[PDB]
Each structure stands twice: as C-alpha cells, then as structure tokens.
Amino acid sequence: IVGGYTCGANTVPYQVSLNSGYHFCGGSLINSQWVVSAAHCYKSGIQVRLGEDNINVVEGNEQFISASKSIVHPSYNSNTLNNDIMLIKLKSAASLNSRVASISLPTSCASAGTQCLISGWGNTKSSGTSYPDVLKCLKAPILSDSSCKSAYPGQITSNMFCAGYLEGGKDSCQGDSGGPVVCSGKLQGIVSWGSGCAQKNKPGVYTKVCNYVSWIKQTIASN
Ligand SMILES: NC(=[NH2+])c1ccc(N)cc1
Ligand SMILES: [Ca+2]
C-alpha cells in the first residue's frame, strides 16, 4: 500500500496473509474455513495466516492453518486478468473472535463514489521497494467505469473496477494482491492489478466480487 497509514494491530480482522515460507499475497476470510483471494496468487503449499499484524513477529493473536484445497475461478484468464478470483479452503476451521473474523459478501454491487478500505503488507513505494512488517491501510473511492476504461483503454472488463486517486500517490501495490477492498462492511473488491503503483492516471484495478457471489456460495456448498 502506497500513501496509506498503519491500520493498527488486528483492526482489519478478516485480512489474511498467504504464506509459502514468506508472505506473498493477501486474502479475506469469508467464513471459518474459506478465504477469497486473487487467482494470480495461486500456488501449491499455501499456509493461511490469520490474526496477523507484524508478519515477521509472533505477537499472540495469530492462527496459522494450512490450506486443504484451492479453487481458481473456472474462467480465469491470466493474460487479461479477467476473473481474478480464487477460493482457498482451510484444513481446519479458524477460531473466530474479535481479532479474527469473517467479512460478509455483498448483497449488492457497490457504486462509483463509495468509499472503501484497502489493506495489505505490499510495497509502500511507487519508486523502488520497501515492504512494511505491519498491516497498511488506505481509504479510497470506487471510480466511475468511464474513468476506469479511459485510464486503461481496452483492458477493463465487466468483472473489474477501478478505485483510488487519478492524481496518484495513493494505491495498492505488489504484495497487496489478493487482499480486500471493503465498502460499508462488505467485501466488494480484490486487489488485482495496475500500472506500477500510485502513478498518475493509473488507478488500482480490482476484481468485482459482487459478480461472483453465486459462484462463491455454490463452490463452498459442495467443497
Ligand atoms: N493497484 C496497483 N497499482 C497494483 C496492485 C497489485 C499489483 N500486483 C500491481 C499493481
Ligand atoms: Ca505476527
């Protein structure tokens, strides 16, 4: 997260870190046994880390649970990033409490103008690299489809939305992928892609979660 702020320990209780020996992506806990992330975060041997603030220090509220299965969206295209969504099932149910909590799926798609909270442990620099150890946060509005498409000609599908600031300086970034965009207490987006990070006229592009609620529910019901 570039140009954000320190969230505060366990203030984003649905935020998970995906770990394969090291943090590599974010995710969102949507019930005691399932995490939503980005398909481009797929790999084998994932350990889900809940209750995390400093990802390099055991602070006392962590739950580390290996994934039993991952399900990449059936129509995920890695070239265009269309349908950049996957589900990860935990081998055991997490223990839910105030610091480790699921986030609700949307009942309705969020509109341009709605303020959301974006969070992650990704790069905090637009130029060069610095990874924070604690969770970073950014409040950002959903942008209009027209401004999104104008910013990225020929690249924005009906399964994507832009959020952030056209002026630049405030954005998600590498390492934030798969993490949440939460608006009015609902998971509306997944950190997906963008040109660099926090660049002028290159806002963040996010998977449009509301399009996937049926697939998510049906997938969970049978797996
Ligand atoms: N929002 C962004 N600029 C972004 C997010 C993730 C990513 N992998 C690349 C760029
Ligand atoms: Ca920790």
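Using the deposited numbering, the letters of the sequence shown map in sequence onto residues 16 to 34, 37 to 67, 69 to 125, 127 to 130, 132 to 184, 184A, 185 to 188, 188A, 189 to 204, 209 to 217, 219 to 221, 221A, 222 to 245.
Yeah, the Cβ is synthetic: ideal placement off N, Cα and C, and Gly gets one too.
Residue of the options minimising C-alpha distance to residue i
i      : options                       : result
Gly133 : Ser54, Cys182, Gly193         : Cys182
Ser150 : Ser166, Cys220, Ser170        : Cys220
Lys204 : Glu70, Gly174, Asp194, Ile138 : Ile138
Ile47  : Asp153, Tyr29, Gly38          : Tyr29
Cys157 : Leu33, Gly38, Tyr39, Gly43    : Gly43
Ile16  : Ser167, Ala171, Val154        : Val154
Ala129 : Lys230, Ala119, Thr26         : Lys230
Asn100 : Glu70, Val213, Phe82          : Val213
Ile103 : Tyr20, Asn233, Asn74, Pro173  : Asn233
Residue i to residue j span [Cα, whole Å]
i      : j      : result
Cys191 : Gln240 : 31 Å
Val235 : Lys145 : 33 Å
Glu80  : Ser86  : 19 Å
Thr125 : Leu105 : 19 Å
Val199 : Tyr228 : 8 Å
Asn223 : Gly187 : 7 Å
For residue i, the first and last residue of its enclosing beta strand (DSSP E)
i      : result
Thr144 : Taken as a continuous stretch (DSSP letters only), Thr144 belongs to no beta strand (DSSP E), as it is neither H nor E.
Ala183 : 180 to 183
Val235 : That residue, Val235, is in no beta strand (DSSP E); its alpha helix (DSSP H) goes 235 to 243.
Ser45  : 40 to 48
According to DSSP, residues forming a beta bridge with residue i
i      : result
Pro28  : In the DSSP output, where bridge partners are listed per residue, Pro28 has none listed.
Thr21  : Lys156
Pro161 : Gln135
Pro198 : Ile212
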